[PDB]
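What follows is a single chain, given as C-alpha cells, in the form deposited in one PDB entry.
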C-alpha cells in the first residue's frame, strides 16, 4: 500500500482505505489503476472552474418538443410546493453535504424553491460532476478518455452504493423539476430506461462496437445458450437465433447493474414521477437534462472530415444546405443521431471525442441510394448514401433523424 494510506476498519467490521495525503477515504483498495484515475479525475475537477462560464451558455426555450417542454414545465410549476428548501455546502464538501442533506429530507420538500447556501446553476453543474469521483466506485467508462458513461458492475465494492444511486436519482430529478442543466454524461440507452423503453441492438453500437459486431454477424447465464463456430447449455441453432440475439442484447444492457439502476429510478421517481415523461423520447429527455447549445454551421463545417466524399462532392453539398435550412433544435437532433449526444465540448466541433480517442465528425459515401443515412456513434460517423436528387436526401435525412 502506497505512502499516506492506511487500511482502517469500520465499526461494523468492513475494510475501507484512508488517503492521508489527500484527506480522502474510499472503500476501494488503492490499485495503481485507482491512483491513476483519481489523479486524472482530480486534474479534470480543476479545469471545471473555467468551463462553468461556457456551461452558462446552455439553454432551453424561454406534438412538438417546444410544445412538450412547456407542458412539462407547467406540470412542475403546478405540483410545486410552497416555501423554500435550504441546502448548505462548502467547496471541499459539495458532495458529502449535498448527499447527507438531500437523503435526510422527505422527497417532496425537494420540490420547494430550493435555496443552496455556501449558486444553484453552479451547484447542479459541480455536483453533477462530483458524483463521478472514482472515490465512490459508482461508474466506469466504455471508451478511452471518459467517453461512454456506464454504471460500474463492481459498484458493490462500495457497501452503500444503492443509497448513492438513490441520491443521484433524487438529484437528477431535482434538476428536471427545478429546471437546471447537468453534465454527468448519461447515454441515450440510460434515458431509454427512464422512459420504460427497451434498448435495441443498434443502441449497442454506441456502447460496445465490438460486441455489437459479433451479434451483427449471423443476425442465459455467464452467457448461456451454447454457440460453436432455462438451459445451462442449450445449443444456438438457426431455429432459435432470433431469441438468442434478443436475450443476449438485453443481457449486455442490464448485466451487473440491475440493482444500481433500480435504485436510481427509485430515487428519481420519489422526486418527480417518472410517468411525467410519457410524452418525451430519449433524445428529448437528454435535451432537458443537459440543455441546448446553439449549433453554429461554420464551426461544424471546417471540423467535419470525409470518406469517399469531398467538400465539393454533390451530396456533401446538399447535406450542408439541409443543415442551414434546419433550425438549431433539428441541428442538435442531427448532432445526437450521429454522435450519440446533444453535448458539444468546450472547444467546438474541432474537439469532439469518440470511442477510440479524438474523432472529428465524418460523412462517408456508403450504401445504396434506397437507404436511410446510418450512423456509427462510436466513430461519430455519418453514412450518407450516394443520393441522386437533393430533395430525396432532404426526405431521407429529415426522416432518419426524427425517428
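Numbering follows the first chain given and starts at 1. Take the two forms, superpose them, and find the largest set of C-alpha atoms that agree within 1.5 Å; that set is the rigid core.
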query	finding
More shifted region, core-based fit in 4 other deposited structures of this protein, 372-380 vs 344-352 by CA	344-352
Higher-deviation stretch (C-alpha RMS, rigid core fit) in 4 other deposited structures of this protein, choosing from 334-342 and 65-73	65-73
Unmodelled stretch of the deposited sequence separating residue 118 from residue 119, binned as none, 1 to 3, 4 to 9 or 10 or more	10 or more
Higher-B stretch (mean Cα B-factor, as the entry records it), 87-95 or 153-161	87-95
Higher-B stretch (mean Cα B-factor, as the entry records it), 184-192 or 322-330	322-330
Which of 201, 263, 126, 81 ranks first by CA B-factor in the deposited coordinates	81
Most elevated Cα B-factor in the entry, residues 285, 172, 137, 297	297
Position of residue 281 among the chain's modelled residues by C-alpha B-factor, lowest, middle or highest third	lowest
Chain-wide C-alpha B factor ranking for residue 398, given as lowest, middle or highest third	middle
Residue 247, C-alpha B-factor rank within chain (lowest, middle or highest third)	middle
Residue 220 by Cα B-factor - lowest, middle or highest third of the modelled chain	highest
Third of the chain, ranked by Cα B-factor, where residue 114 sits	highest
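Keep in mind the form solved in complex with a partner chain is missing from the figure; the text below concerns it.
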| query | finding |
| --- | --- |
| Answer option from 143, 179, 256, 107, heavy atom within 4.5 Å of its partner chain in the bound PDB entry | 179 |
| One residue of 323, 116, 292, 149 in contact with its partner chain, assessed in the bound PDB entry (non-hydrogen atom, 4.5 angstroms) | 292 |
| Stretch from 122-130, 158-166, 95-103, 305-313 whose residues place a heavy atom within 4.5 Å of its partner chain in the bound PDB entry | 122-130 |
| 4.5 Å heavy atom contact, residue 329 to its partner chain in the bound PDB entry | yes |
| Interface membership of residue 287, its partner chain in the bound PDB entry, 4.5 Å heavy atom rule | yes |
| Close approach of residue 65 to its partner chain in the bound PDB entry, 4.5 Å, heavy atom | yes |
| Contact flag, residue 343 vs its partner chain in the bound PDB entry, heavy atom cut 4.5 Å | yes |
